$ cat structure33.cif   # mmCIF, C-alpha atoms and all ligand atoms
data_final
loop_
_atom_site.label_atom_id
_atom_site.label_comp_id
_atom_site.auth_asym_id
_atom_site.auth_seq_id
_atom_site.Cartn_x
_atom_site.Cartn_y
_atom_site.Cartn_z
CA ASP K 589 -15.54 -10.10 7.38
CA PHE K 590 -16.78 -6.83 8.90
CA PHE K 591 -14.32 -6.86 11.80
CA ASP K 592 -11.23 -7.40 9.65
CA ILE K 593 -12.35 -4.42 7.57
CA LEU K 594 -12.89 -2.45 10.78
CA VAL K 595 -9.29 -3.04 11.80
CA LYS K 596 -7.89 -2.89 8.24
CA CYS K 597 -8.98 0.75 8.03
CA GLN K 598 -8.85 2.01 11.65
CA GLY K 599 -5.73 1.89 13.84
CA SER K 600 -3.60 4.27 11.73
CA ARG K 601 -3.81 6.78 14.59
CA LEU K 602 -0.31 8.34 14.59
CA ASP K 603 0.89 7.08 17.98
CA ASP K 604 3.93 9.28 17.64
CA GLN K 605 2.85 12.92 17.92
CA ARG K 606 0.85 11.53 20.84
CA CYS K 607 1.85 11.30 24.50
CA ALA K 608 0.87 9.14 27.47
CA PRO K 609 -2.18 9.99 29.64
CA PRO K 610 -1.93 11.57 33.12
CA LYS L 32 -34.57 5.30 29.16
CA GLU L 33 -30.92 4.66 28.29
CA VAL L 34 -29.11 5.63 25.09
CA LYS L 35 -26.06 3.77 23.77
CA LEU L 36 -24.02 5.98 21.47
CA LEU L 37 -21.12 4.47 19.51
CA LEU L 38 -18.36 6.54 17.92
CA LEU L 39 -16.80 4.98 14.82
CA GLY L 40 -14.56 6.19 12.01
CA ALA L 41 -10.88 6.05 11.09
CA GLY L 42 -8.11 7.45 13.28
CA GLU L 43 -7.78 11.23 13.23
CA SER L 44 -11.48 11.88 12.62
CA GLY L 45 -12.20 13.60 15.93
CA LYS L 46 -13.80 10.84 18.04
CA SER L 47 -11.71 11.35 21.19
CA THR L 48 -12.13 15.07 20.56
CA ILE L 49 -15.90 14.62 20.38
CA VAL L 50 -15.77 12.79 23.73
CA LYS L 51 -13.71 15.52 25.42
CA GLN L 52 -16.20 18.03 24.04
CA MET L 53 -19.04 16.04 25.61
CA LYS L 54 -17.21 16.13 28.93
CA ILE L 55 -17.06 19.91 28.58
CA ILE L 56 -20.70 20.48 27.59
CA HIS L 57 -22.93 18.14 29.60
CA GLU L 58 -20.55 17.48 32.48
CA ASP L 59 -18.80 20.03 34.70
CA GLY L 60 -15.88 20.24 32.29
CA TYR L 61 -12.19 20.09 33.18
CA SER L 62 -11.26 21.61 36.54
CA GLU L 63 -8.14 23.65 37.33
CA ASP L 64 -6.42 20.63 38.89
CA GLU L 65 -6.90 18.56 35.74
CA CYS L 66 -5.96 21.55 33.58
CA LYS L 67 -2.77 21.74 35.63
CA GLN L 68 -2.23 18.02 35.04
CA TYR L 69 -2.45 18.28 31.23
CA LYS L 70 0.42 20.78 31.05
CA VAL L 71 3.12 18.18 30.44
CA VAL L 72 0.87 16.58 27.84
CA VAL L 73 0.58 19.91 26.01
CA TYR L 74 4.34 20.49 26.03
CA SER L 75 4.89 16.93 24.81
CA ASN L 76 2.41 17.16 21.90
CA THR L 77 3.92 20.51 20.88
CA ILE L 78 7.43 19.04 20.80
CA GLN L 79 6.38 15.82 19.02
CA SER L 80 4.64 17.94 16.39
CA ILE L 81 7.58 20.24 15.63
CA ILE L 82 9.92 17.22 15.67
CA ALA L 83 7.66 15.41 13.21
CA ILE L 84 7.79 18.39 10.86
CA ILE L 85 11.59 18.43 11.22
CA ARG L 86 12.03 14.74 10.35
CA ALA L 87 9.53 15.28 7.53
CA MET L 88 11.82 17.98 6.12
CA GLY L 89 14.30 15.20 5.38
CA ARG L 90 12.35 12.78 3.16
CA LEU L 91 11.08 15.67 1.03
CA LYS L 92 14.52 17.27 0.75
CA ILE L 93 13.65 20.75 2.03
CA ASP L 94 16.46 23.23 2.75
CA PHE L 95 16.13 25.84 5.51
CA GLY L 96 16.09 29.59 4.94
CA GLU L 97 19.07 30.54 7.12
CA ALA L 98 21.34 27.54 7.72
CA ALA L 99 22.10 28.49 11.35
CA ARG L 100 18.73 27.12 12.47
CA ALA L 101 20.13 23.64 11.79
CA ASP L 102 22.03 23.75 15.08
CA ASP L 103 18.76 24.25 16.97
CA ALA L 104 17.53 20.92 15.63
CA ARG L 105 20.61 19.22 17.07
CA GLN L 106 19.93 20.91 20.39
CA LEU L 107 16.21 20.07 20.14
CA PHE L 108 16.62 16.29 20.27
CA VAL L 109 18.63 16.72 23.46
CA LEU L 110 16.12 19.02 25.15
CA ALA L 111 13.25 16.81 23.97
CA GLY L 112 13.03 15.28 27.44
CA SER L 113 13.73 18.51 29.29
CA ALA L 114 10.03 19.33 29.37
CA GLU L 115 9.12 15.92 30.80
CA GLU L 116 8.86 17.64 34.19
CA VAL L 118 8.39 22.97 32.35
CA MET L 119 9.79 24.56 29.19
CA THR L 120 13.22 26.15 29.33
CA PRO L 121 13.28 29.66 27.80
CA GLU L 122 16.22 28.31 25.81
CA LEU L 123 14.02 25.49 24.47
CA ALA L 124 11.04 27.77 23.84
CA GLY L 125 13.49 30.03 22.05
CA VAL L 126 14.55 27.10 19.88
CA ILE L 127 10.96 26.22 18.97
CA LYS L 128 10.15 29.88 18.25
CA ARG L 129 13.16 30.31 15.94
CA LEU L 130 12.30 27.06 14.13
CA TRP L 131 8.60 27.81 13.67
CA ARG L 132 9.66 31.25 12.43
CA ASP L 133 11.74 29.74 9.61
CA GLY L 134 10.21 30.03 6.14
CA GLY L 135 11.34 26.65 4.84
CA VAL L 136 9.75 24.90 7.81
CA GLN L 137 6.55 26.76 6.92
CA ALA L 138 6.94 25.57 3.33
CA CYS L 139 7.03 22.00 4.63
CA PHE L 140 4.03 22.69 6.85
CA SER L 141 2.30 24.09 3.77
CA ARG L 142 3.28 20.83 2.09
CA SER L 143 1.97 18.74 5.00
CA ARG L 144 -0.14 16.65 2.61
CA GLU L 145 2.92 14.69 1.49
CA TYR L 146 3.38 13.16 4.94
CA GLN L 147 1.67 12.65 8.30
CA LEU L 148 1.22 15.75 10.46
CA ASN L 149 -1.31 15.94 13.29
CA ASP L 150 -3.95 18.66 13.17
CA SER L 151 -3.19 19.97 16.66
CA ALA L 152 0.25 21.13 15.56
CA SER L 153 -0.36 24.69 14.35
CA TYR L 154 -2.64 25.38 17.31
CA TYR L 155 0.13 24.70 19.82
CA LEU L 156 2.87 26.23 17.67
CA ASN L 157 1.14 29.56 17.02
CA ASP L 158 0.19 30.05 20.67
CA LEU L 159 3.77 29.35 21.79
CA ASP L 160 4.40 32.60 23.69
CA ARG L 161 1.30 31.94 25.80
CA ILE L 162 2.33 28.44 26.89
CA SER L 163 6.05 29.10 27.25
CA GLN L 164 5.41 31.23 30.33
CA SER L 165 6.51 29.68 33.62
CA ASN L 166 3.11 30.34 35.20
CA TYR L 167 1.13 28.83 32.33
CA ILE L 168 -2.12 26.98 33.02
CA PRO L 169 -3.85 25.23 30.06
CA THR L 170 -7.28 26.39 28.91
CA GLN L 171 -10.08 23.91 28.24
CA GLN L 172 -9.53 24.46 24.51
CA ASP L 173 -5.86 23.56 24.98
CA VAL L 174 -6.91 20.33 26.69
CA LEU L 175 -9.30 19.70 23.78
CA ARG L 176 -6.38 19.79 21.37
CA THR L 177 -4.31 17.42 23.50
CA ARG L 178 -3.39 14.15 21.86
CA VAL L 179 -3.26 11.20 24.22
CA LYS L 180 -2.20 7.67 23.32
CA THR L 181 -5.18 5.43 24.00
CA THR L 182 -4.79 1.82 25.05
CA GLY L 183 -8.29 0.74 26.02
CA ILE L 184 -11.95 1.61 25.51
CA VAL L 185 -12.94 5.23 26.09
CA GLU L 186 -16.29 5.75 27.80
CA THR L 187 -18.24 8.73 29.05
CA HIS L 188 -21.73 9.02 30.48
CA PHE L 189 -24.01 11.98 31.15
CA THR L 190 -27.55 13.20 31.74
CA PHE L 191 -29.11 15.60 29.25
CA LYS L 192 -32.64 16.64 28.30
CA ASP L 193 -33.83 14.16 30.94
CA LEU L 194 -32.06 11.23 29.27
CA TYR L 195 -29.22 8.89 30.25
CA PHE L 196 -26.42 8.80 27.68
CA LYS L 197 -23.59 6.26 27.57
CA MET L 198 -21.09 7.08 24.83
CA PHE L 199 -18.35 4.69 23.68
CA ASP L 200 -15.16 5.26 21.70
CA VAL L 201 -13.71 1.87 20.78
CA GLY L 202 -10.31 2.52 19.20
CA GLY L 203 -8.35 -0.51 18.03
CA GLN L 204 -7.14 -2.67 20.91
CA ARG L 205 -8.65 -6.12 20.56
CA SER L 206 -6.41 -6.81 23.55
CA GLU L 207 -9.85 -6.67 25.12
CA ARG L 208 -11.97 -9.03 23.02
CA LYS L 209 -15.00 -9.19 25.32
CA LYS L 210 -16.73 -5.98 26.50
CA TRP L 211 -15.20 -4.52 23.33
CA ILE L 212 -17.82 -6.46 21.41
CA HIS L 213 -20.51 -5.51 23.94
CA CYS L 214 -19.86 -1.95 22.78
CA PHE L 215 -21.54 -3.06 19.53
CA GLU L 216 -24.44 -4.67 21.42
CA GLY L 217 -27.78 -2.89 21.79
CA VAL L 218 -26.66 0.38 20.25
CA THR L 219 -29.19 3.18 19.90
CA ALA L 220 -27.21 5.15 17.31
CA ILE L 221 -23.83 5.12 15.55
CA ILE L 222 -21.76 8.24 14.94
CA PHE L 223 -19.35 7.79 12.02
CA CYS L 224 -16.67 10.50 11.88
CA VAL L 225 -14.86 11.56 8.70
CA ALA L 226 -11.95 13.92 8.24
CA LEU L 227 -12.82 15.79 5.07
CA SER L 228 -9.39 17.40 4.97
CA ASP L 229 -7.97 13.97 4.11
CA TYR L 230 -9.33 14.24 0.57
CA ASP L 231 -6.07 15.58 -0.82
CA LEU L 232 -3.71 13.42 1.22
CA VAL L 233 -0.98 11.72 -0.80
CA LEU L 234 -1.21 7.96 -1.08
CA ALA L 235 1.08 6.40 1.49
CA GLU L 236 3.11 3.38 0.45
CA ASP L 237 1.20 1.28 2.98
CA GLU L 238 -2.21 2.14 1.50
CA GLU L 239 -4.13 0.40 -1.30
CA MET L 240 -6.55 3.33 -1.66
CA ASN L 241 -6.62 6.89 -0.30
CA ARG L 242 -7.92 7.57 3.22
CA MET L 243 -11.27 8.87 2.01
CA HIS L 244 -12.06 5.70 0.07
CA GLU L 245 -11.05 3.72 3.17
CA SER L 246 -13.57 5.65 5.26
CA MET L 247 -16.08 5.00 2.47
CA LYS L 248 -15.44 1.25 2.49
CA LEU L 249 -15.78 1.12 6.27
CA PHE L 250 -19.05 3.04 6.03
CA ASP L 251 -20.31 0.70 3.30
CA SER L 252 -19.57 -2.24 5.57
CA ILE L 253 -21.40 -0.60 8.49
CA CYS L 254 -24.57 0.78 6.85
CA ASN L 255 -25.38 -2.40 4.97
CA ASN L 256 -24.49 -4.63 7.92
CA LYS L 257 -27.56 -6.65 8.90
CA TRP L 258 -26.87 -6.16 12.63
CA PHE L 259 -27.66 -2.44 12.72
CA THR L 260 -31.01 -2.56 10.91
CA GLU L 261 -32.67 -1.04 13.97
CA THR L 262 -29.79 1.39 14.59
CA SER L 263 -29.90 5.08 13.63
CA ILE L 264 -26.92 6.06 11.49
CA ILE L 265 -25.34 9.46 12.02
CA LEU L 266 -22.59 10.83 9.79
CA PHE L 267 -20.15 13.51 10.97
CA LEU L 268 -18.21 15.07 8.11
CA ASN L 269 -15.74 16.64 10.54
CA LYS L 270 -12.81 19.02 9.99
CA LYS L 271 -14.91 21.25 7.75
CA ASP L 272 -12.75 24.29 8.49
CA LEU L 273 -9.53 22.75 7.22
CA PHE L 274 -11.54 21.45 4.27
CA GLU L 275 -12.71 24.95 3.42
CA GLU L 276 -9.18 26.31 3.59
CA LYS L 277 -7.70 23.45 1.53
CA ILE L 278 -10.40 23.34 -1.16
CA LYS L 279 -9.44 26.78 -2.50
CA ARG L 280 -6.09 25.42 -3.67
CA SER L 281 -6.07 21.60 -3.95
CA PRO L 282 -8.80 20.24 -6.30
CA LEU L 283 -11.15 17.40 -5.40
CA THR L 284 -9.97 15.53 -8.51
CA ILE L 285 -7.10 14.27 -6.36
CA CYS L 286 -9.64 12.28 -4.36
CA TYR L 287 -12.28 11.74 -7.05
CA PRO L 288 -10.82 12.02 -10.58
CA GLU L 289 -14.30 11.66 -12.10
CA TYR L 290 -15.49 14.86 -10.42
CA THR L 291 -16.82 17.41 -12.92
CA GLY L 292 -18.21 20.10 -10.63
CA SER L 293 -16.54 23.30 -9.46
CA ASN L 294 -14.22 23.61 -6.47
CA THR L 295 -16.51 25.58 -4.19
CA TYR L 296 -16.69 24.34 -0.60
CA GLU L 297 -20.45 23.89 -0.90
CA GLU L 298 -20.58 21.90 -4.15
CA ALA L 299 -17.62 19.76 -3.12
CA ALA L 300 -18.94 18.91 0.34
CA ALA L 301 -22.24 18.12 -1.35
CA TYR L 302 -20.43 15.69 -3.66
CA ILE L 303 -18.73 13.97 -0.69
CA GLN L 304 -21.93 13.69 1.35
CA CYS L 305 -23.62 12.32 -1.75
CA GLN L 306 -20.80 9.80 -2.25
CA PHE L 307 -21.13 8.44 1.29
CA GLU L 308 -24.94 8.42 1.37
CA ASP L 309 -25.04 6.60 -1.98
CA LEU L 310 -23.51 3.50 -0.40
CA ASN L 311 -26.69 2.72 1.53
CA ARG L 312 -28.10 -0.29 -0.29
CA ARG L 313 -31.29 0.06 1.74
CA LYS L 314 -32.24 3.67 0.93
CA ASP L 315 -35.97 3.21 1.55
CA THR L 316 -35.81 1.49 4.93
CA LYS L 317 -32.72 3.22 6.34
CA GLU L 318 -32.11 6.98 6.30
CA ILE L 319 -28.80 8.61 7.15
CA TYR L 320 -28.45 11.69 9.35
CA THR L 321 -25.65 13.87 8.00
CA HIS L 322 -23.96 16.82 9.74
CA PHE L 323 -20.94 19.00 8.94
CA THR L 324 -18.90 19.38 12.11
CA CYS L 325 -15.81 21.02 13.53
CA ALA L 326 -15.12 19.14 16.75
CA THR L 327 -12.79 21.88 18.04
CA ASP L 328 -15.66 24.39 17.97
CA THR L 329 -17.41 23.65 21.25
CA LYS L 330 -20.42 25.72 20.19
CA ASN L 331 -20.87 23.85 16.91
CA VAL L 332 -20.66 20.49 18.66
CA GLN L 333 -23.18 21.69 21.26
CA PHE L 334 -25.68 22.61 18.53
CA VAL L 335 -25.13 19.50 16.40
CA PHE L 336 -25.46 17.19 19.39
CA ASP L 337 -28.59 19.04 20.55
CA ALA L 338 -30.19 18.50 17.15
CA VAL L 339 -29.16 14.84 17.14
CA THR L 340 -30.72 14.41 20.58
CA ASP L 341 -34.01 15.93 19.40
CA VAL L 342 -33.89 13.57 16.41
CA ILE L 343 -33.55 10.62 18.78
CA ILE L 344 -36.45 11.80 20.99
CA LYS L 345 -38.73 12.25 17.98
CA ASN L 346 -37.72 8.74 16.94
CA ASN L 347 -38.60 7.55 20.46
CA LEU L 348 -42.16 8.90 20.39
CA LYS L 349 -43.18 6.77 17.41
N1 LIG K 701 -8.82 22.21 13.07
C1 LIG K 701 -9.53 21.11 13.39
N2 LIG K 701 -8.90 20.11 14.06
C2 LIG K 701 -9.56 18.98 14.41
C3 LIG K 701 -10.98 18.86 14.06
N3 LIG K 701 -11.39 17.66 14.52
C4 LIG K 701 -10.32 17.07 15.11
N4 LIG K 701 -9.24 17.86 15.05
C5 LIG K 701 -7.89 17.55 15.58
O1 LIG K 701 -7.45 16.29 15.06
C6 LIG K 701 -6.66 15.63 16.05
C7 LIG K 701 -6.93 14.13 16.03
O2 LIG K 701 -8.30 13.85 16.31
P1 LIG K 701 -8.67 12.62 17.28
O3 LIG K 701 -9.37 13.10 18.52
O4 LIG K 701 -7.45 11.83 17.64
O5 LIG K 701 -9.67 11.73 16.39
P2 LIG K 701 -9.75 10.15 16.63
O6 LIG K 701 -8.51 9.50 16.09
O7 LIG K 701 -10.96 9.60 15.92
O8 LIG K 701 -9.87 9.88 18.11
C8 LIG K 701 -7.02 16.24 17.40
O9 LIG K 701 -5.84 16.67 18.07
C9 LIG K 701 -7.91 17.42 17.09
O10 LIG K 701 -7.39 18.60 17.70
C10 LIG K 701 -11.60 19.99 13.33
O11 LIG K 701 -12.80 19.95 13.00
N5 LIG K 701 -10.83 21.05 13.04
#

$ encode --input "structure33.cif" --output "structure tokens"
Amino acid sequence: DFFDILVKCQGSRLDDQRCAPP
Amino acid sequence: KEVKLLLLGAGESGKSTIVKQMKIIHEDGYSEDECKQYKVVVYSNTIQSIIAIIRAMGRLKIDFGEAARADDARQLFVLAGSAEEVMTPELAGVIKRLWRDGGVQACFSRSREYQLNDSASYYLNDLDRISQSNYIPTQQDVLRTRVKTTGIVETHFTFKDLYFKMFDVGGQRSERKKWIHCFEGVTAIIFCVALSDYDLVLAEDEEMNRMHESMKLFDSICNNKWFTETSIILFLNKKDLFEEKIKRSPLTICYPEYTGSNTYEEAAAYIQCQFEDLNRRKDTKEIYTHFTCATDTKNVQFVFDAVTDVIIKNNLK
């Protein structure tokens, strides 16, 4: 149950406004 | 002895930023070669930010000051890949003119009604400095860089005669092994929270505001029976933005039942109280709270120092 909460709240990281690493 | 530190907390809470900071403080820091490398990244983030504000202007229906600036937008999307290699003075001119517009600033001032990164204004205000052809990024500029992460971020260092391994997990369960080992044998957990997200408008893809999400996550972590022997450290980050915001937007947005005044101090106290109250093992487990600003290298240095001392003292018993 803990892990699905973990992911249910995390990943909303705005991947636009964010570029690829060098 | 070895120390396993684990950074947790929702996206946009400063974890990667904390890591970069660690690289600056206890390691050599970022050299001129690397600083040179991050240039393109800086340009990119700047552009993506201003673009994001522009697209945001749409959904809210926000008209420009002088209509002419509209043309720049059209040009912008074309020149968006022109920096993929150095900013054209034409392009930098565009960005300058746009950021100068009052309506754009009204949208930026209304950035709670959408999703704008917190490294925007930093890059946009210091435009003249970075739009020079001979520009080399400062360490602080690198700190504010936003890089898409795909895997597990790790950094190790030696400090106060101790061996630290620090892990930022992110979200990719594309790696389902080692990922879990990041939760194995942890010395202490550092939960990060963006305070400034108290007044954020409820997105259509949310069932509760971001703060209550962070709360629920914390609840799940503290009272998890796997971390009974793990020291819990809370970073109420982005305190600066919180202080600026709290003068205008009430806490009632986030907690309607809040009766206190809207002073930074009293508010922050209410938040800290709210998080700490979730510990359903208050006797056995104590929570180590700090108010951080991950962009302030000095602050992070001090906070981390104090945390380290805490851990040592815990090690002597
Ligand atoms: N002004 C300000 N900006 C911050 C603070 N902490 C983080 N940020 C910015 O917030 C942005 C997102 O933070 P990020 O490192 O991605 O947090 P993460 O999602 O947990 O990894 C970064 O570009 C930082 O520059 C803070 O205390 N003050």

$ residues_near_point --input "structure33.cif" --point "(-12.8, 3.5, 3.9)" --cutoff "12 Å" --atoms "all atoms listed in the file" --output "VMD selection string"
(chain K and resid 593 to 598) or (chain L and resid 39 to 42 223 to 226 229 to 230 238 to 253 306 to 307 310)

$ write_last_selection --input "structure33.cif" --atoms "C-alpha atoms" --output "PDB file, in the coordinates of the input"
ATOM      1  CA  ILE K 593     -12.350  -4.420   7.570  1.00  0.00           C
ATOM      2  CA  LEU K 594     -12.890  -2.450  10.780  1.00  0.00           C
ATOM      3  CA  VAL K 595      -9.290  -3.040  11.800  1.00  0.00           C
ATOM      4  CA  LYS K 596      -7.890  -2.890   8.240  1.00  0.00           C
ATOM      5  CA  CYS K 597      -8.980   0.750   8.030  1.00  0.00           C
ATOM      6  CA  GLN K 598      -8.850   2.010  11.650  1.00  0.00           C
TER       7      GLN K 598
ATOM      8  CA  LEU L  39     -16.800   4.980  14.820  1.00  0.00           C
ATOM      9  CA  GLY L  40     -14.560   6.190  12.010  1.00  0.00           C
ATOM     10  CA  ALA L  41     -10.880   6.050  11.090  1.00  0.00           C
ATOM     11  CA  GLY L  42      -8.110   7.450  13.280  1.00  0.00           C
ATOM     12  CA  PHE L 223     -19.350   7.790  12.020  1.00  0.00           C
ATOM     13  CA  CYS L 224     -16.670  10.500  11.880  1.00  0.00           C
ATOM     14  CA  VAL L 225     -14.860  11.560   8.700  1.00  0.00           C
ATOM     15  CA  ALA L 226     -11.950  13.920   8.240  1.00  0.00           C
ATOM     16  CA  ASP L 229      -7.970  13.970   4.110  1.00  0.00           C
ATOM     17  CA  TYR L 230      -9.330  14.240   0.570  1.00  0.00           C
ATOM     18  CA  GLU L 238      -2.210   2.140   1.500  1.00  0.00           C
ATOM     19  CA  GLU L 239      -4.130   0.400  -1.300  1.00  0.00           C
ATOM     20  CA  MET L 240      -6.550   3.330  -1.660  1.00  0.00           C
ATOM     21  CA  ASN L 241      -6.620   6.890  -0.300  1.00  0.00           C
ATOM     22  CA  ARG L 242      -7.920   7.570   3.220  1.00  0.00           C
ATOM     23  CA  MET L 243     -11.270   8.870   2.010  1.00  0.00           C
ATOM     24  CA  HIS L 244     -12.060   5.700   0.070  1.00  0.00           C
ATOM     25  CA  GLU L 245     -11.050   3.720   3.170  1.00  0.00           C
ATOM     26  CA  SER L 246     -13.570   5.650   5.260  1.00  0.00           C
ATOM     27  CA  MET L 247     -16.080   5.000   2.470  1.00  0.00           C
ATOM     28  CA  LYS L 248     -15.440   1.250   2.490  1.00  0.00           C
ATOM     29  CA  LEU L 249     -15.780   1.120   6.270  1.00  0.00           C
ATOM     30  CA  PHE L 250     -19.050   3.040   6.030  1.00  0.00           C
ATOM     31  CA  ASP L 251     -20.310   0.700   3.300  1.00  0.00           C
ATOM     32  CA  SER L 252     -19.570  -2.240   5.570  1.00  0.00           C
ATOM     33  CA  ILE L 253     -21.400  -0.600   8.490  1.00  0.00           C
ATOM     34  CA  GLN L 306     -20.800   9.800  -2.250  1.00  0.00           C
ATOM     35  CA  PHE L 307     -21.130   8.440   1.290  1.00  0.00           C
ATOM     36  CA  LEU L 310     -23.510   3.500  -0.400  1.00  0.00           C
TER      37      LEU L 310
END

$ closest_residue --input "structure33.cif" --among "L:46, L:280, L:32, L:330" --to "chain K" --atoms "only C-alpha atoms"
L:46

$ residues_around --input "structure33.cif" --residues "residue K:604" --least-positions-apart "5" --cutoff "10 Å" --atoms "only C-alpha atoms" --output "VMD selection string"
chain L and resid 76 79 to 80 83 149 178 to 180

$ interface_residues --input "structure33.cif" --of "chain K" --to "chain L" --cutoff "6 Å" --atoms "all atoms listed in the file" --output "JSON, numbers by chain"
{"K": [598, 599, 600, 601, 605, 606, 607, 608, 609]}

$ write_last_selection --input "structure33.cif" --atoms "C-alpha atoms" --output "mmCIF file, in the coordinates of the input"
data_model
loop_
_atom_site.group_PDB
_atom_site.id
_atom_site.type_symbol
_atom_site.label_atom_id
_atom_site.label_comp_id
_atom_site.auth_asym_id
_atom_site.auth_seq_id
_atom_site.Cartn_x
_atom_site.Cartn_y
_atom_site.Cartn_z
ATOM 1 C CA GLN K 598 -8.850 2.010 11.650
ATOM 2 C CA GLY K 599 -5.730 1.890 13.840
ATOM 3 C CA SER K 600 -3.600 4.270 11.730
ATOM 4 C CA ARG K 601 -3.810 6.780 14.590
ATOM 5 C CA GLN K 605 2.850 12.920 17.920
ATOM 6 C CA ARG K 606 0.850 11.530 20.840
ATOM 7 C CA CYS K 607 1.850 11.300 24.500
ATOM 8 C CA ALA K 608 0.870 9.140 27.470
ATOM 9 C CA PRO K 609 -2.180 9.990 29.640
#

$ closest_residue --input "structure33.cif" --among "L:326, L:118, L:91, L:332" --to "ligand LIG 701 (chain K)" --atoms "all atoms listed in the file"
L:326

$ axis_aligned_box --input "structure33.cif" --around "ligand LIG 701 (chain K)" --padding-each-side "4 Å" --output "JSON"
{"center_x": -9.3, "center_y": 15.9, "center_z": 15.8, "size_x": 15.0, "size_y": 20.7, "size_z": 13.5}

$ residues_around --input "structure33.cif" --residues "residue L:261" --least-positions-apart "3" --cutoff "9 Å" --atoms "only C-alpha atoms" --output "PyMOL selection string"
chain L and resi 218-220+258+317

$ write_last_selection --input "structure33.cif" --atoms "C-alpha atoms" --output "PDB file, keeping the file's coordinate frame"
ATOM      1  CA  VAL L 218     -26.660   0.380  20.250  1.00  0.00           C
ATOM      2  CA  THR L 219     -29.190   3.180  19.900  1.00  0.00           C
ATOM      3  CA  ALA L 220     -27.210   5.150  17.310  1.00  0.00           C
ATOM      4  CA  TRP L 258     -26.870  -6.160  12.630  1.00  0.00           C
ATOM      5  CA  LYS L 317     -32.720   3.220   6.340  1.00  0.00           C
TER       6      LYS L 317
END

$ atom_distance --input "structure33.cif" --atom1 "atom CA of residue L:176" --atom2 "atom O1 of ligand LIG 701 (chain K)"
7.3 Å

$ atom_distance --input "structure33.cif" --atom1 "atom CA of residue L:161" --atom2 "atom CA of residue L:124"
10.8 Å

$ closest_residue --input "structure33.cif" --among "L:296, L:199, L:302, L:167" --to "ligand LIG 701 (chain K)" --atoms "all atoms listed in the file"
L:199

$ closest_residue --input "structure33.cif" --among "L:298, L:308, L:150, L:289" --to "ligand LIG 701 (chain K)" --atoms "only C-alpha atoms and all ligand atoms"
L:150

$ build_atoms --input "structure33.cif" --residues "stretch 70-83 of chain L" --atoms "N, CA and C atoms" --output "PDB file, in the frame of the given file"
ATOM      1  N   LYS L  70      -0.637  19.890  31.501  1.00  0.00           N
ATOM      2  CA  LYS L  70       0.420  20.780  31.050  1.00  0.00           C
ATOM      3  C   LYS L  70       1.523  20.025  30.313  1.00  0.00           C
ATOM      4  N   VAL L  71       2.078  19.029  30.997  1.00  0.00           N
ATOM      5  CA  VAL L  71       3.120  18.180  30.440  1.00  0.00           C
ATOM      6  C   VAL L  71       2.685  17.579  29.113  1.00  0.00           C
ATOM      7  N   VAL L  72       1.434  17.136  29.057  1.00  0.00           N
ATOM      8  CA  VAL L  72       0.870  16.580  27.840  1.00  0.00           C
ATOM      9  C   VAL L  72       0.937  17.600  26.706  1.00  0.00           C
ATOM     10  N   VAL L  73       0.536  18.834  27.002  1.00  0.00           N
ATOM     11  CA  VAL L  73       0.580  19.910  26.010  1.00  0.00           C
ATOM     12  C   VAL L  73       1.997  20.130  25.482  1.00  0.00           C
ATOM     13  N   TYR L  74       2.943  20.298  26.404  1.00  0.00           N
ATOM     14  CA  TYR L  74       4.340  20.490  26.030  1.00  0.00           C
ATOM     15  C   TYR L  74       4.807  19.357  25.113  1.00  0.00           C
ATOM     16  N   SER L  75       4.534  18.132  25.553  1.00  0.00           N
ATOM     17  CA  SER L  75       4.890  16.930  24.810  1.00  0.00           C
ATOM     18  C   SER L  75       4.345  16.964  23.389  1.00  0.00           C
ATOM     19  N   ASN L  76       3.029  17.103  23.232  1.00  0.00           N
ATOM     20  CA  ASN L  76       2.410  17.160  21.900  1.00  0.00           C
ATOM     21  C   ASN L  76       3.039  18.236  21.017  1.00  0.00           C
ATOM     22  N   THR L  77       3.301  19.402  21.606  1.00  0.00           N
ATOM     23  CA  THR L  77       3.920  20.510  20.880  1.00  0.00           C
ATOM     24  C   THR L  77       5.253  20.044  20.293  1.00  0.00           C
ATOM     25  N   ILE L  78       6.110  19.542  21.179  1.00  0.00           N
ATOM     26  CA  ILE L  78       7.430  19.040  20.800  1.00  0.00           C
ATOM     27  C   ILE L  78       7.346  17.951  19.727  1.00  0.00           C
ATOM     28  N   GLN L  79       6.522  16.934  19.961  1.00  0.00           N
ATOM     29  CA  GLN L  79       6.380  15.820  19.020  1.00  0.00           C
ATOM     30  C   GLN L  79       5.979  16.336  17.649  1.00  0.00           C
ATOM     31  N   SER L  80       5.084  17.321  17.636  1.00  0.00           N
ATOM     32  CA  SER L  80       4.640  17.940  16.390  1.00  0.00           C
ATOM     33  C   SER L  80       5.816  18.578  15.649  1.00  0.00           C
ATOM     34  N   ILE L  81       6.488  19.529  16.299  1.00  0.00           N
ATOM     35  CA  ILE L  81       7.580  20.240  15.630  1.00  0.00           C
ATOM     36  C   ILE L  81       8.686  19.277  15.169  1.00  0.00           C
ATOM     37  N   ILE L  82       8.987  18.287  16.008  1.00  0.00           N
ATOM     38  CA  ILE L  82       9.920  17.220  15.670  1.00  0.00           C
ATOM     39  C   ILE L  82       9.478  16.521  14.390  1.00  0.00           C
ATOM     40  N   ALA L  83       8.213  16.115  14.359  1.00  0.00           N
ATOM     41  CA  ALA L  83       7.660  15.410  13.210  1.00  0.00           C
ATOM     42  C   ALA L  83       7.837  16.215  11.933  1.00  0.00           C
TER      43      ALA L  83
END
